[PDB]
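Worksheet: one structure, shown below.
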Amino acid sequence: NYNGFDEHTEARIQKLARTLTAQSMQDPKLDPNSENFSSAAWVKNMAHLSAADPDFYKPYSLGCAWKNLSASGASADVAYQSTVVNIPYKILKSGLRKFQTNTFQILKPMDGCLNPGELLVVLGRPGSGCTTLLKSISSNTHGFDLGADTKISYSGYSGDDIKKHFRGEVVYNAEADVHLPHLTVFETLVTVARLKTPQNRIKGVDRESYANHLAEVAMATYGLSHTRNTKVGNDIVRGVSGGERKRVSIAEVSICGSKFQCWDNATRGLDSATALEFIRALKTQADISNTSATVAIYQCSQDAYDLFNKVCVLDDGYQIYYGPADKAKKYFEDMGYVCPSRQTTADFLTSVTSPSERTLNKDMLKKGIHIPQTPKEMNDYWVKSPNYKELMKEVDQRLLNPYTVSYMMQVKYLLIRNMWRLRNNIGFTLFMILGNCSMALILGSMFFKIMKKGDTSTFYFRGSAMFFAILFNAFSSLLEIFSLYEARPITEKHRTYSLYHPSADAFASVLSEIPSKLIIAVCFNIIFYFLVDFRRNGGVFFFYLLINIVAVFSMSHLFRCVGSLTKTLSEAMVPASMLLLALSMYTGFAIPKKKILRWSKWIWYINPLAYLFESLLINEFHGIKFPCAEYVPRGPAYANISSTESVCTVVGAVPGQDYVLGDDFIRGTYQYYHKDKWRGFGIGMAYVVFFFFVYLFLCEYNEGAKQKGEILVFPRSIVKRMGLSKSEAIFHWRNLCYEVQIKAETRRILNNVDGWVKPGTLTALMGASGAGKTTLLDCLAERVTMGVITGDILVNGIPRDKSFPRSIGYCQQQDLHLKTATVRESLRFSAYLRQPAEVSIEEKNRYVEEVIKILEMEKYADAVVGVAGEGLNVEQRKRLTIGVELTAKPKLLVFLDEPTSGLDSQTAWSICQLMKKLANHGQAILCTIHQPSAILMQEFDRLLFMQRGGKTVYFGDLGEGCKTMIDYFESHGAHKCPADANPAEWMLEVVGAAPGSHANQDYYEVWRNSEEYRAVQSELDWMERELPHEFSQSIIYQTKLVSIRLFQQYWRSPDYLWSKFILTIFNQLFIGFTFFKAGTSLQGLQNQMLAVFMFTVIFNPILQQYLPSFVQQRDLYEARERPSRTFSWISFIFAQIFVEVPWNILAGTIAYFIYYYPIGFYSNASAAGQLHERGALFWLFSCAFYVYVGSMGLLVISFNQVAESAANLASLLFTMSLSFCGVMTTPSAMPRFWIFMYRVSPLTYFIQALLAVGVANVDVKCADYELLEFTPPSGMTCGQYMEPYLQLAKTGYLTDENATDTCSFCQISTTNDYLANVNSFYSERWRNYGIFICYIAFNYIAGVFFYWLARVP
Ligand SMILES: Nc1ncnc2c1ncn2[C@@H]1O[C@H](COP(=O)(O)OP(=O)(O)OP(=O)(O)O)[C@@H](O)[C@H]1O
Ligand SMILES: Nc1ncnc2c1ncn2[C@@H]1O[C@H](COP(=O)(O)OP(=O)(O)O)[C@@H](O)[C@H]1O
């Protein structure tokens, strides 16, 4: 626990000061070693030492005064939900409404003043304008605008002053949880203390020693010195606790030296003890550094409220009170509202703004004196108050009278921090290194057997191997965008502190990835270059290595720029995919620079990979003569030949040559000239530098954070215009015990628990964290999977059946609903699937309307659930949860887990009122309650109080004012309950884990031996004597409803569908028009092969775009719908399949139309008289490919938990399939080992069939440079000369069969002969289609099976 600078921390800070000064030496009030030390002065000295630099004019302390502070913002309309059809018009409308609005008064004029060293607390129900006030007084006024009369002064400096010259002294923190998960607390603080060492003025101690001491004192002051070596952690990363993480925020801003602070959601997710610790850390900072700190908080504890100097109270943007915290209660008591004895003053002030919870004074209503009731009247009363006169007499008097370290040091310290991140999360780094190296080994091994010979038969494979080398080197670095997005929030926070240039963070993040890039570019390249057997000269190898290093750095900087412009990785996967396709496909291998069309030659000219690949090919081919592999006149009749009467079958060949010069081959095929060897390096370095600087400039400026109104979405159709079933049976349990085996061998978590719930009764379940409240609720609701349960649960004395889970409603604490569904649609979905099938749908609709009316939500009964930020809010989301569990007509009970937790006192009271209403309608509610107020506690009928380990201490009716419980506890030697004490806190103090957690005795024993225990046992015996289809709907009906809901999710998911379709359109149109009418020359056929190959590379983006949808539906299902027995996993998976399939078919049809015809396959079909059949088969293959991408996404996401891991696995499998497809290396040249991968990969059959359907059954038309030129023997024309050869090699043709001087010879006479080399046959098209369909079926079946394995209990 943290007690706010208590003597412990004074001693520990003296220890730290002794350490520092002894190290350095290697007035007595400030001397660590001599007696009479004062740690408070010591730390305070440091505050001066960093603030009072004679060269930095930062103020010692900033107050704040503000009068007439009005804040207004653009009115909040109802934004109709975006669907996949209406979003284009929405976009156009938004564009016209942004180029060519009425306002809402967020905050009515306010006054106030916060002096240095004071704590201000802002109270008010959500929506009252607390966040806007904090942003206004801290000058973070973006998304709204202040009035012309607003006068705000920071002890002389205007808002326009701190906004420029002192920004970072005035800080607003919407959250105190944003941190870097993998840095330890000490690392997180020492990096900041290094960036904030006034190092030009400290003498006698190394800058690092002083930074260490400063971070150590910051941990000591704020109670974190135990977490020195613990990872700061996160929600998903275990580490320090939430309270300790918020105190790390406090210590970090303390080191940063801010003077005016605002904490908006300070104690979100914190129980009273931890929230009080946080407020105590703020108080410690206030009196150690003189920092005025404002906070907005909910359910402020009285012990936490006492710490606050001043209170501001808001109501609908009106200021009802501003003054000392200890006078607010009395001020509102004079106004005419009476505080119930057991109400904390924070709760009293916040409830005075709640028409249904205020207790107006009757005495002043006897004499008929006016009491303001509406917020306008309360403000009109305050402005007339005498307290307002005092406050203004102070505010008037108050108004009438960049970085500590250089840029290089900032870069150095942030680089050290980045390395700390790397070695604290090394696993990802090792994954990158080893995955790249192993892909190197595999893919290079694929090239092992063919490069040994070194003949001219290896030229295409040399091209393709160099293509692989450059692509892999270029795109290896792309995993660091994850770290970029992970660090952006922290960079923004540290920017709002005048802590460092964001350019410094960008530059340091670039530098921290160099070691990984070099390790990869060494290991991968050594393995690949050795195995692929490129030129063995050391010089050429090192030139290759340098080119690859330049490639990786250029692409890393380009995609850092691309990621910088985007907000989330999902928003970047589309443009990044477009750039990836362009760069990869115009690199010079998929389409030689000769073959590129006039419309897209500029792409090749601006592609750094193009020049780098040119340099690589020049390096690999230049100057080495390759012996010939086969000459075109061949066989028996062609043994006696003169040199000039036979060529090599390769582009650069010359008749009579024993070899081909690689230079000629590249000049002819690619048009690369040795004079361009070093141009590629120069241009690559130019782009490296330019995009590095663009990345810095983008990270420096293009950032922002804007405010937004709480907007309901209300689907467009709406926007155009705009009883209960009694719980029937008693439920009870007896001698219930529970055990697990995970954290220990037979670790008990519920121990001899017993009790009951009856119709029309509200029973609270209480106990400190742990104590198995949620565990007991899960055990009773038959909701647990692990552990074993003994003791008997019963309904009317009979064991609970196997249909029991459908008779109980269980409202989970962390409610989760389909974010696209509306409230009414969600309720009706719940009713349609859970209520009995014999009930008509009209009756279910009527009941849903009745439930909507009961819970008071017809004002938002057609609102979209949305997210926590937009759509519904916490209160309305909890109301929807309760309604969803109610609309299933639970026969027996409604279990509620912590329905109030996380809310403010007024909405928690509204929830408790709803629960009491339901218990009055006839329901039987057993709700778990966490740290309730006395007013909330009063509403409950019965109480079941447990100790840690689920040891029941008191079961019974608590009675009025909790008097029965108080009497039971007092009558057994408990210390009495003070008349102002909350009874729940009192009983957790009597026995529990509350601060002061010592119990004079163990009260489980007292219960066991009590009178009430025997009363409970007698009643439970009498109930035992009183006793005298796993789903509600058929699997088909469940699948119908679930698939309908998923279709309504895809529709209304415009981002997913439109990213899918525009990615398909761009990628496929770009492939089609890059190879626009590629023709039927020998290079044309190869270009069409590589085009059909590029068609597949849309695999990964489509799968990754898809996976989040399944993950969302899966989270909803597993969390809520599975335990509720709403529908079976069969229905869930079949919906995930049926919905995905049609959209993928549509995408495949679009791709077919924009790919088949532009590339020219249709003319190839027509010339063969096979137009319609080949077109239909090509369209079938396109649709099958997209359906296959969907099915493989399902297969990988079925058993994987996170989407990213499933995407990585799918990418690995697709890489294997594509690499061994037989296109980058023919199976003949493949090593004997890898043929299995060439047989099992679906893309072999897909691409073989698709290229056969594209180019087969037409005549080859060799281009001028492709034709072989030689001369015939004496006296015979080339027809006679070549006739014997054509007799055997039944393919090839002569341009002039009768020519006698020199003849041009094309190897292949028909595209079928070329395809046979690729092993693609037009006779196997339908067989290959069948094989691909079987692949799709296997994917879906295996995905269903793996979901049943890894996920279904
Ligand atoms: N442009 C705008 N900016 C901010 N709020 C706006 C705007 N337009 C309307 N509002 C509304 O004004 C009210 C101001 O409340 P504000 O969000 O400032 O405090 P709060 O919501 O009580 O605090 P918290 O965000 O901590 O819950 C909100 O209900 C919001 O929906
Ligand atoms: N991984 C686990 N395996 C087995 N039991 C667990 C595990 N995690 C938590 N528990 C048990 O479940 C309890 C958490 O739920 P519970 O305590 O009922 O919620 P609350 O703390 O709100 O009452 C813990 O006290 C612990 O005894």
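Scheme for the structure tokens: letters A, B, ... for chains in order shown; per-chain residue numbers from 1; ligand numbers from 1 in order shown.
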
Could you give me, as a tab-separated table, a per-residue list for chain A showing, wherever an atom lies at most 10 Å from an atom of ligand 2, the closest pair of atoms and their distance in Å to one decimal, using only C-alpha atoms and all ligand atoms and sorting by chain then residue number from low to high?
residue	atom	partner	partner_atom_place_in_ligand_line	distance
A:738	CA	ligand 2	27 (O)	9.8
A:739	CA	ligand 2	5 (N)	8.3
A:740	CA	ligand 2	4 (C)	5.6
A:741	CA	ligand 2	4 (C)	6.9
A:742	CA	ligand 2	3 (N)	5.1
A:743	CA	ligand 2	3 (N)	6.0
A:744	CA	ligand 2	4 (C)	8.6
A:746	CA	ligand 2	4 (C)	9.9
A:747	CA	ligand 2	27 (O)	7.9
A:748	CA	ligand 2	27 (O)	7.5
A:749	CA	ligand 2	27 (O)	5.0
A:750	CA	ligand 2	27 (O)	8.4
A:765	CA	ligand 2	23 (O)	9.2
A:766	CA	ligand 2	23 (O)	8.4
A:767	CA	ligand 2	23 (O)	7.1
A:768	CA	ligand 2	23 (O)	7.0
A:769	CA	ligand 2	21 (O)	4.0
A:770	CA	ligand 2	21 (O)	3.1
A:771	CA	ligand 2	23 (O)	5.1
A:772	CA	ligand 2	18 (O)	3.2
A:773	CA	ligand 2	23 (O)	3.7
A:774	CA	ligand 2	18 (O)	3.3
A:775	CA	ligand 2	18 (O)	3.4
A:776	CA	ligand 2	18 (O)	6.2
A:777	CA	ligand 2	18 (O)	7.4
A:778	CA	ligand 2	18 (O)	7.9
A:779	CA	ligand 2	18 (O)	9.5
A:785	CA	ligand 2	4 (C)	9.9
A:786	CA	ligand 2	4 (C)	7.0
A:787	CA	ligand 2	4 (C)	7.5
A:813	CA	ligand 2	22 (O)	9.2
A:897	CA	ligand 2	22 (O)	8.2
A:898	CA	ligand 2	22 (O)	7.9
A:928	CA	ligand 2	22 (O)	8.2
A:929	CA	ligand 2	22 (O)	9.0
A:930	CA	ligand 2	22 (O)	7.8
A:946	CA	ligand 2	23 (O)	9.2
A:947	CA	ligand 2	23 (O)	9.6
A:948	CA	ligand 2	25 (O)	7.3
A:949	CA	ligand 2	27 (O)	6.5
A:950	CA	ligand 2	18 (O)	8.1

So which residues touch residue 1148 (chain A) within 9 Å, counting only C-alpha atoms, skipping near sequence neighbours fewer than 5 positions away, as a list in words?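 Within the cut-off, the hits are residues 1064, 1143, 1153, 1179, 1180, 1181, 1182, 1183, 1184, 1185, 1186 and 1187 of chain A.
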
Keeping only N, CA and C atoms, write those residues as a compact mmCIF listing (two decimals), in the first residue's frame.
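Generated output (again_32.txt):
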# COMPACT_ATOMS: atom_id res chain seq x y z
N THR A 1064 -9.47 -5.53 -54.22
CA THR A 1064 -9.66 -6.40 -55.37
C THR A 1064 -9.62 -5.61 -56.67
N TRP A 1143 -20.02 -13.20 -50.39
CA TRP A 1143 -19.25 -11.98 -50.62
C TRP A 1143 -17.97 -12.28 -51.38
N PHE A 1153 -14.11 -9.95 -64.09
CA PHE A 1153 -14.45 -8.99 -65.13
C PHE A 1153 -13.32 -8.00 -65.37
N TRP A 1179 -14.02 -17.55 -64.88
CA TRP A 1179 -14.80 -16.92 -63.83
C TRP A 1179 -15.01 -17.86 -62.66
N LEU A 1180 -15.26 -19.14 -62.95
CA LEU A 1180 -15.38 -20.12 -61.88
C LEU A 1180 -14.11 -20.19 -61.06
N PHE A 1181 -12.95 -20.17 -61.73
CA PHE A 1181 -11.69 -20.24 -61.01
C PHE A 1181 -11.46 -19.00 -60.16
N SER A 1182 -11.83 -17.83 -60.67
CA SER A 1182 -11.67 -16.61 -59.89
C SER A 1182 -12.53 -16.65 -58.62
N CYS A 1183 -13.81 -17.00 -58.78
CA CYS A 1183 -14.69 -17.11 -57.62
C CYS A 1183 -14.18 -18.17 -56.66
N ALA A 1184 -13.68 -19.29 -57.19
CA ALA A 1184 -13.15 -20.34 -56.33
C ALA A 1184 -11.92 -19.86 -55.57
N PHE A 1185 -11.08 -19.05 -56.20
CA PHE A 1185 -9.91 -18.54 -55.50
C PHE A 1185 -10.31 -17.64 -54.34
N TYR A 1186 -11.30 -16.78 -54.56
CA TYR A 1186 -11.69 -15.90 -53.46
C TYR A 1186 -12.39 -16.67 -52.35
N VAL A 1187 -13.25 -17.63 -52.71
CA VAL A 1187 -13.85 -18.50 -51.71
C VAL A 1187 -12.77 -19.26 -50.96

Please give me, as a ChimeraX atom specification, the residues lying within 8 Å of ligand 1 when counting only C-alpha atoms and all ligand atoms. /A:72-76,103-107,124-133,143-144,174,264-265,296-297,316-317,707-711

Using only C-alpha atoms, pick whichever of A:1255, A:669, A:657, A:603 has the shortest atom-to-atom distance to residue 1170 (chain A). A:1255

All residues 12 Å or closer to region 718-721 of chain A, only C-alpha atoms, same chain fewer than 6 positions away omitted, as a ChimeraX atom specification: /A:77-82,712,822,859-864

Residue selection dump (N, CA, C and O atoms) as a PDB file, in the first residue's frame:
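This went into out_34.pdb:
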ATOM      1  N   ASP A  77     -25.455  16.110 -34.191  1.00  0.00           N
ATOM      2  CA  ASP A  77     -26.577  15.523 -34.902  1.00  0.00           C
ATOM      3  C   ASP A  77     -26.631  14.022 -34.630  1.00  0.00           C
ATOM      4  O   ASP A  77     -25.833  13.466 -33.871  1.00  0.00           O
ATOM      5  N   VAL A  78     -27.593  13.359 -35.258  1.00  0.00           N
ATOM      6  CA  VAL A  78     -27.686  11.907 -35.239  1.00  0.00           C
ATOM      7  C   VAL A  78     -27.061  11.426 -36.542  1.00  0.00           C
ATOM      8  O   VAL A  78     -27.563  11.712 -37.631  1.00  0.00           O
ATOM      9  N   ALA A  79     -25.942  10.719 -36.431  1.00  0.00           N
ATOM     10  CA  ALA A  79     -25.239  10.214 -37.601  1.00  0.00           C
ATOM     11  C   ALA A  79     -25.756   8.822 -37.935  1.00  0.00           C
ATOM     12  O   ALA A  79     -25.442   7.858 -37.233  1.00  0.00           O
ATOM     13  N   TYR A  80     -26.530   8.711 -39.009  1.00  0.00           N
ATOM     14  CA  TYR A  80     -27.102   7.422 -39.357  1.00  0.00           C
ATOM     15  C   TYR A  80     -25.996   6.408 -39.629  1.00  0.00           C
ATOM     16  O   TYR A  80     -24.928   6.732 -40.151  1.00  0.00           O
ATOM     17  N   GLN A  81     -26.266   5.164 -39.251  1.00  0.00           N
ATOM     18  CA  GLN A  81     -25.260   4.118 -39.347  1.00  0.00           C
ATOM     19  C   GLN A  81     -24.816   3.920 -40.789  1.00  0.00           C
ATOM     20  O   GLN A  81     -25.636   3.851 -41.707  1.00  0.00           O
ATOM     21  N   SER A  82     -23.504   3.819 -40.978  1.00  0.00           N
ATOM     22  CA  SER A  82     -22.931   3.605 -42.298  1.00  0.00           C
ATOM     23  C   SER A  82     -23.144   2.157 -42.713  1.00  0.00           C
ATOM     24  O   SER A  82     -22.728   1.237 -42.003  1.00  0.00           O
ATOM     25  N   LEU A 712     -25.385   9.177 -30.805  1.00  0.00           N
ATOM     26  CA  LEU A 712     -26.096   7.960 -31.155  1.00  0.00           C
ATOM     27  C   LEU A 712     -26.167   7.845 -32.672  1.00  0.00           C
ATOM     28  O   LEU A 712     -26.273   8.848 -33.381  1.00  0.00           O
ATOM     29  N   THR A 822     -28.609  -3.029 -33.509  1.00  0.00           N
ATOM     30  CA  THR A 822     -29.305  -2.014 -32.742  1.00  0.00           C
ATOM     31  C   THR A 822     -29.741  -2.607 -31.406  1.00  0.00           C
ATOM     32  O   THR A 822     -29.551  -3.793 -31.132  1.00  0.00           O
ATOM     33  N   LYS A 859     -36.287   5.789 -25.891  1.00  0.00           N
ATOM     34  CA  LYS A 859     -35.603   6.931 -26.484  1.00  0.00           C
ATOM     35  C   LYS A 859     -34.372   6.518 -27.275  1.00  0.00           C
ATOM     36  O   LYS A 859     -33.936   7.269 -28.152  1.00  0.00           O
ATOM     37  N   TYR A 860     -33.801   5.348 -26.988  1.00  0.00           N
ATOM     38  CA  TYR A 860     -32.666   4.840 -27.747  1.00  0.00           C
ATOM     39  C   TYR A 860     -32.836   3.361 -28.069  1.00  0.00           C
ATOM     40  O   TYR A 860     -31.847   2.639 -28.226  1.00  0.00           O
ATOM     41  N   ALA A 861     -34.080   2.897 -28.183  1.00  0.00           N
ATOM     42  CA  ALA A 861     -34.341   1.498 -28.490  1.00  0.00           C
ATOM     43  C   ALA A 861     -34.018   1.142 -29.930  1.00  0.00           C
ATOM     44  O   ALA A 861     -33.998  -0.045 -30.264  1.00  0.00           O
ATOM     45  N   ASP A 862     -33.779   2.130 -30.789  1.00  0.00           N
ATOM     46  CA  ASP A 862     -33.350   1.890 -32.160  1.00  0.00           C
ATOM     47  C   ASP A 862     -31.967   2.466 -32.418  1.00  0.00           C
ATOM     48  O   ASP A 862     -31.640   2.799 -33.558  1.00  0.00           O
ATOM     49  N   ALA A 863     -31.152   2.598 -31.380  1.00  0.00           N
ATOM     50  CA  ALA A 863     -29.792   3.076 -31.544  1.00  0.00           C
ATOM     51  C   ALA A 863     -28.851   1.909 -31.788  1.00  0.00           C
ATOM     52  O   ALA A 863     -29.074   0.793 -31.314  1.00  0.00           O
ATOM     53  N   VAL A 864     -27.791   2.173 -32.535  1.00  0.00           N
ATOM     54  CA  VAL A 864     -26.781   1.159 -32.800  1.00  0.00           C
ATOM     55  C   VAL A 864     -25.917   0.995 -31.561  1.00  0.00           C
ATOM     56  O   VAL A 864     -25.536   1.978 -30.917  1.00  0.00           O
TER      57      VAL A 864
END

When you look at residue 659 (chain A) with a cut-off of 10 Å (counting only C-alpha atoms), what residues show up, excluding the ones that are within fewer than 4 positions of it in the same chain? I need them as a ChimeraX atom specification. /A:455-456,624-629,647-648,652-655

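Between residue 28 (chain A) and the residues A:42, A:1245, A:1047, A:1161, the shortest atom-to-atom distance, using only C-alpha atoms, involves A:42.
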
For residue 1056 (chain A), please output as a list in words all residues within 12 Å (counting only C-alpha atoms; exclusion window: fewer than 5 positions along the same chain). residues 82, 83, 84, 570, 571, 573, 574, 1049, 1050, 1051, 1061, 1062, 1063, 1101, 1102, 1103, 1104, 1105, 1106, 1107, 1108, 1109, 1110, 1140 and 1143 of chain A

Mind checking which residues fall within 7 Å of residue 1133 (chain A), counting only C-alpha atoms, ignoring those fewer than 4 positions away in the same chain, and posting them as a PDB file with C-alpha atoms, in the first residue's frame?
ATOM      1  CA  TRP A1129     -21.132 -23.806 -32.059  1.00  0.00           C
ATOM      2  CA  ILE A1137     -19.066 -19.830 -43.442  1.00  0.00           C
ATOM      3  CA  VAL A1344     -14.894 -26.752 -38.406  1.00  0.00           C
TER       4      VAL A1344
END

Tell me, which residues of region 872-1024 of chain A carry DSSP strand (DSSP E or B), written as number ranges by chain? A: 893-897, 925-928, 942-947, 951-957

Could the residues in this selection be written to a file with N, CA, C and O atoms, as a CSV table (one decimal), in the first residue's frame?
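result-v4.csv, freshly written:
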chain,number,residue,atom,x,y,z
A,893,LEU,N,-34.2,-17.4,-12.3
A,893,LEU,CA,-33.5,-16.3,-11.7
A,893,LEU,C,-32.9,-15.4,-12.7
A,893,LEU,O,-32.9,-15.7,-13.9
A,894,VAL,N,-32.3,-14.3,-12.2
A,894,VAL,CA,-31.5,-13.4,-13.0
A,894,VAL,C,-30.3,-13.1,-12.2
A,894,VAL,O,-30.3,-12.3,-11.3
A,895,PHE,N,-29.2,-13.9,-12.4
A,895,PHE,CA,-27.9,-13.6,-11.8
A,895,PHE,C,-27.3,-12.4,-12.5
A,895,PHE,O,-27.3,-12.2,-13.7
A,896,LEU,N,-26.9,-11.4,-11.6
A,896,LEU,CA,-26.2,-10.2,-12.1
A,896,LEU,C,-24.9,-10.1,-11.4
A,896,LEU,O,-24.8,-10.3,-10.2
A,897,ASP,N,-23.8,-10.0,-12.2
A,897,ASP,CA,-22.5,-9.8,-11.7
A,897,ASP,C,-22.1,-8.3,-11.8
A,897,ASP,O,-22.1,-7.7,-12.8
A,925,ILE,N,-33.8,-11.9,-8.0
A,925,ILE,CA,-32.5,-11.4,-8.5
A,925,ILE,C,-31.5,-11.7,-7.4
A,925,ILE,O,-31.6,-11.4,-6.2
A,926,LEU,N,-30.4,-12.3,-7.8
A,926,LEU,CA,-29.2,-12.6,-7.0
A,926,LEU,C,-28.0,-11.9,-7.7
A,926,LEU,O,-27.4,-12.4,-8.5
A,927,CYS,N,-27.8,-10.6,-7.2
A,927,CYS,CA,-26.8,-9.8,-7.9
A,927,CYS,C,-25.6,-9.7,-7.0
A,927,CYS,O,-25.7,-9.6,-5.8
A,928,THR,N,-24.4,-9.7,-7.6
A,928,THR,CA,-23.1,-9.5,-6.9
A,928,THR,C,-22.9,-8.0,-6.8
A,928,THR,O,-23.0,-7.3,-7.8
A,942,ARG,N,-32.0,-9.2,0.9
A,942,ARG,CA,-31.2,-10.1,1.6
A,942,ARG,C,-29.7,-9.9,1.2
A,942,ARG,O,-29.4,-9.3,0.2
A,943,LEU,N,-28.9,-10.4,2.1
A,943,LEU,CA,-27.4,-10.2,2.0
A,943,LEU,C,-26.7,-11.6,2.2
A,943,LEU,O,-27.1,-12.3,3.1
A,944,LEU,N,-25.8,-11.9,1.3
A,944,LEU,CA,-24.9,-13.1,1.5
A,944,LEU,C,-23.5,-12.6,1.4
A,944,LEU,O,-23.0,-12.2,0.4
A,945,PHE,N,-22.8,-12.6,2.6
A,945,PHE,CA,-21.5,-12.0,2.7
A,945,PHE,C,-20.5,-13.1,2.8
A,945,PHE,O,-20.6,-14.0,3.7
A,946,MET,N,-19.5,-13.1,2.0
A,946,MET,CA,-18.4,-14.1,2.0
A,946,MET,C,-17.1,-13.5,2.2
A,946,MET,O,-16.8,-12.3,1.9
A,947,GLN,N,-16.2,-14.3,2.8
A,947,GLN,CA,-14.7,-14.0,2.9
A,947,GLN,C,-14.0,-14.6,1.8
A,947,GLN,O,-14.4,-15.6,1.2
A,951,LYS,N,-15.8,-18.1,2.0
A,951,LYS,CA,-16.2,-18.6,3.3
A,951,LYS,C,-17.3,-17.7,3.8
A,951,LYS,O,-17.1,-16.6,4.3
A,952,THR,N,-18.5,-18.2,3.8
A,952,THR,CA,-19.7,-17.4,4.2
A,952,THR,C,-19.6,-16.9,5.6
A,952,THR,O,-19.3,-17.7,6.5
A,953,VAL,N,-19.8,-15.7,5.9
A,953,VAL,CA,-19.7,-15.1,7.2
A,953,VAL,C,-21.1,-14.7,7.7
A,953,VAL,O,-21.4,-14.8,8.9
A,954,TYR,N,-22.0,-14.2,6.8
A,954,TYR,CA,-23.3,-13.8,7.2
A,954,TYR,C,-24.3,-14.0,6.1
A,954,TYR,O,-24.0,-13.4,5.0
A,955,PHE,N,-25.3,-14.8,6.3
A,955,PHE,CA,-26.4,-14.9,5.4
A,955,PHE,C,-27.7,-14.6,6.1
A,955,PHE,O,-28.0,-15.1,7.2
A,956,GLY,N,-28.5,-13.7,5.5
A,956,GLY,CA,-29.8,-13.3,6.1
A,956,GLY,C,-30.3,-12.0,5.5
A,956,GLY,O,-29.7,-11.5,4.6
A,957,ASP,N,-31.4,-11.6,6.0
A,957,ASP,CA,-32.0,-10.4,5.6
A,957,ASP,C,-31.3,-9.2,6.4
A,957,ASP,O,-31.3,-9.2,7.6

Write down as a count of residues only the residues belonging to region 537-665 of chain A that are assigned alpha helix (DSSP H) by DSSP computed on the backbone. 68

Test item: residues at most 7 Å from region 1215-1217 of chain A, only C-alpha atoms, excluding those fewer than 3 positions along its chain, as an NGL selection string: :A and (1211-1212 or 1220-1221 or 1241-1243)

Identify which of the residues A:1302, A:115, A:86, A:905 lies closest to residue 350 (chain A), counting only C-alpha atoms when measuring atom-to-atom distances.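 Of the candidates, the smallest distance to residue 350 (chain A) is held by A:905.
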
Between A:1205, A:401, A:1068, A:1226, which has the minimum distance to residue 449 (chain A) (counting only C-alpha atoms)?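 Closest candidate: A:1226.
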
Separation of CA of residue 582 (chain A) from CA of residue 1318 (chain A), in Å and rounded to one decimal: 25.3 Å
